[PDB]
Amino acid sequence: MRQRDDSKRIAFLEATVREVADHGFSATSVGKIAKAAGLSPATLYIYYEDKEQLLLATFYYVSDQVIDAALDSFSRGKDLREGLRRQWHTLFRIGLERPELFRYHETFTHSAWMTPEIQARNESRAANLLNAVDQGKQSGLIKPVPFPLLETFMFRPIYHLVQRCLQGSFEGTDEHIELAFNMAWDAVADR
């Protein structure tokens, strides 16, 4: 059955997330992922050619889960600010509950496994979000600034604050998450 195949794939994907988040890429072998998933390496090779391919499938599994949830939340907002606000809360919750997804993404994107094609693929999946933000630049809602700046003030602070919350230097209350969003919005909002 397909459902059995998918269950096994999810086991390997989740195992790779945990192992790499705890130990990094180098220390994490095919053998170790398989053992963490509770399956044999022979079974791993039925689904993934090699380590490289499983690390990339895992990157897409992590990225798609996060992007899809963000997009779903964003789609419920009646205007750009509300959409971004709903997405922000959603991403904060994902980071607080599944920080390993954030850590896998971060480790991957800053490694030699990352490529422009991989970035473009995730950008394409996040299209509805990115195009909405671009359209806010055109309409005078969002400062007409290069994207690196928008990323710095509207996306990156979520990662940083989730880390501080989990390390005990900030309390991840709904009130504090909203305050942070308010600040991200003010940063990017055209005056």
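In this text, residue numbers run from 1 along the sequence as written.
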Comparing mean C-alpha B factor in the record for 96-104 and 72-80, the higher one is 72-80
Decide which of the stretches 115-123 and 85-93 has the higher mean C-alpha B-factor, going by the entry. 115-123
Between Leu161, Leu130, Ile142, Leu55, where does the Cα B-factor run highest in the record? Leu130
Against its chain's modelled residues, does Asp6's Cα B factor rank lowest, middle or highest third? middle
For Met154, the third of its chain into which the C-alpha B factor falls: middle
Where does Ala27 sit by CA temperature factor within its chain: lowest, middle or highest third? highest
Would you mind ranking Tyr47 by its C-alpha B-factor against the rest of the chain and naming the third, lowest, middle or highest? middle
Divide the modelled residues of the chain into thirds by Cα B-factor and specify which third, lowest, middle or highest, holds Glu14. lowest
